[PDB]
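Visitor: experimental coordinates for this protein are included below, preceded by the sequence.
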Amino acid sequence: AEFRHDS
Amino acid sequence: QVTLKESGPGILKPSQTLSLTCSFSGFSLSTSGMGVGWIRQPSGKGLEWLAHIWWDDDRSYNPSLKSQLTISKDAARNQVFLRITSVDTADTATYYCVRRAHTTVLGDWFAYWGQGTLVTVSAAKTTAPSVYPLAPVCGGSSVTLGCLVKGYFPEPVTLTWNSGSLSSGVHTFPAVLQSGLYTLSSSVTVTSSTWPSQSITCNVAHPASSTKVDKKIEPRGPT
Amino acid sequence: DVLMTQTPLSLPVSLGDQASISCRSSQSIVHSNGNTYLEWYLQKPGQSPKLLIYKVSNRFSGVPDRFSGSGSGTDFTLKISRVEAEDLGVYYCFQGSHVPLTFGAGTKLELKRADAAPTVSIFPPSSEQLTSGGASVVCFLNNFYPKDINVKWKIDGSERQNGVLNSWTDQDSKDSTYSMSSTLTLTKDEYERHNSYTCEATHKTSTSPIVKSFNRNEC
């Protein structure tokens, strides 16, 4: 899965 | 100012559990958007990401190492921890603690790195090296001599030529493993009129075994 | 895993030259939020990596404008417009969009200098080692350039592939050359059962190997 980043 | 400082056990044996600590200042892991994590690097090799832990307890792991890794924190004490079970020799590496945020404002990148803590995973016992003179074959403006330092643990050894007075024309090679012990060599090159007429000695120390050896290089002969 | 592939892995350059390193990802590094978390780091010996470029093409604070990053999706490039000695070291691209976070293998930016043939010296086992039951034969291949080199041991004329340990210096701070040490370790029994010992160096400065040998029985 994606690593955590806002937006 | 942001600082991160890793600590670990220094040396542990294969199959044991590695317990790393990261202590930081200049920021707080209770801040929304903040995270702190671990990356490692075996000597002479690349960088491998291990894990990251977020302000809100969301933990992210390298899936290949999931069975061995546990990341945790203590936000109040400005610490993060990494536990690696069942270490083996391939876990020998420098372990870096790094900050990374998940918001643009707090810095979504690895800008801040600790200086790293070296962890050596070995079963080896303290072992003094043998020191051997490398004299040229029987028999042209220059001559090359050497010193072989074989079978020691832990690192390091120090090696000079003539107590440091012979500095030019010296190459000391990085240590390498032969099975579980290290071996190192050094060469010195001088004009042919210097040796054997003038004394050349390799000075080798292995502090961990209190070894200090001065080995004069003697020319080979017919007997 | 998103594999980050850097080309070349070693890049010799002269001071003042332009340098360019390719980084390709096995899938797109564009995150769902629209950002591309492609970073470049430089690591110097004895030091932690330092951030140079983030989001493909933004310079980190204090990074000189001779550094730039470009590209999109899966295809990225780091460029240095005029290489300085301070830029020498190992460059890593990195993707932060997908778990696991992954770095490229590292590209070593090294200094060009004139070709130099290795000086090769061979050393029989010492009296001291022989007394203890071992027999190491050492070969130094010193002060050569370029760095690519191979060593081959022969015993009684035939290649000996086993029992060899090698060590390589980093590029020399003073003369920009490289050196290598190779050791063939035998038992004293094996050393005493054969006679001709040969170290052969292969390097671009010669079409044939440099050969150093000795005969045990004559030592």
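Guide: Everything's here; your move. Numbering: from 1, shown residues only, chains lettered A, B, ... in the order given.
Visitor: tell me the secondary structure of the nearest residue to residue B:118 once chain neighbours are set aside, please.
Guide: Once flanking residues are discounted, residue B:118 sits nearest to residue B:94: 5.2 Å by C-beta to C-beta, 6 or more residues apart in numbering or on different chains. Just so you know, the C-beta spots here come from the backbone N, C-alpha and C atoms, and that holds for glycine as well. On the three-state scheme (DSSP: H, G, I helix; E, B strand; the rest coil), residue B:94 is labelled strand.
Visitor: run through the residues that contact residue B:94.
Guide: B:40, B:41, B:42, B:43, B:116, B:117, B:118, B:119 (C-beta atoms under 8 Å, 6 or more residues apart in numbering or on different chains).
Visitor: how about those in CSV, adding distance to residue B:203, secondary structure and neighbour count?
Guide: CSV is the format used below for the contacts of residue B:94 (distance: C-beta to C-beta, whole Å; DSSP: H, G, I helix; E, B strand; the rest coil; neighbours: other C-beta atoms under 10 Å in any protein chain shown):
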residue, distance to residue B:203, secondary structure, neighbour count
B:40, 35, strand, 22
B:41, 32, strand, 20
B:42, 30, coil, 13
B:43, 25, coil, 11
B:116, 30, coil, 21
B:117, 31, strand, 20
B:118, 26, strand, 15
B:119, 30, strand, 21
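Visitor: dump those into a markdown table; add distance to residue B:136 as well.
Guide: As requested, the contacts of residue B:94 are arranged in a markdown table below (distance: C-beta to C-beta, whole Å):
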| residue | distance to residue B:136 |
| --- | --- |
| B:40 | 43 |
| B:41 | 39 |
| B:42 | 36 |
| B:43 | 32 |
| B:116 | 41 |
| B:117 | 43 |
| B:118 | 37 |
| B:119 | 41 |
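Visitor: ok, so of those, who is nearest residue C:55?
Guide: Proximity to residue C:55 was ranked across these by C-beta to C-beta; first place goes to residue B:41, at 24.0 Å.
Visitor: what packs against the host helix or strand of residue C:179?
Guide: Assessed by DSSP states H and E, residue C:179 sits inside strand C:178-187. Other elements packing on strand C:178-187 under the criterion 3 or more C-beta pairs under 8 Å, 6 or more residues apart in numbering or on different chains; DSSP states H and E are strand B:181-191, strand C:134-144, strand C:150-155, strand C:164-168.
Visitor: how does the chain divide into domains?
Guide: Picked chain B for this. B:1-123, B:124-220 (curated CATH domains).
Visitor: correction: the question concerned chain C.
Guide: Following curated CATH domains, chain C resolves into domains at C:1-113, C:115-214.
Visitor: can I get these in CSV including mean neighbour count and distance to residue B:83?
Guide: Shown next, in CSV, are those (neighbours: other C-beta atoms under 10 Å in any protein chain shown; distance: least, C-beta to C-beta, whole Å):
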stretch, mean neighbour count, distance to residue B:83
domain C:1-113, 18, 18
domain C:115-214, 17, 34
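Visitor: which residue, other than its chain neighbours, is closest to residue C:58?
Guide: Closest to residue C:58 by C-beta to C-beta, 6+ apart is residue C:69, at 7.6 Å.
Visitor: repeat that for residue B:189.
Guide: residue B:169 (4.0 Å).
Visitor: same question, residue B:180
Guide: Per C-beta to C-beta, 6+ apart, closest to residue B:180 is residue B:124, 4.3 Å.
Visitor: so how far is residue B:90 from that neighbour?
Guide: 15 Å (C-beta to C-beta, to the nearest Å).
Visitor: could you do residue C:75 as well?
Guide: Noted for residue C:75: a distance of 32 Å to residue B:90, by C-beta to C-beta.
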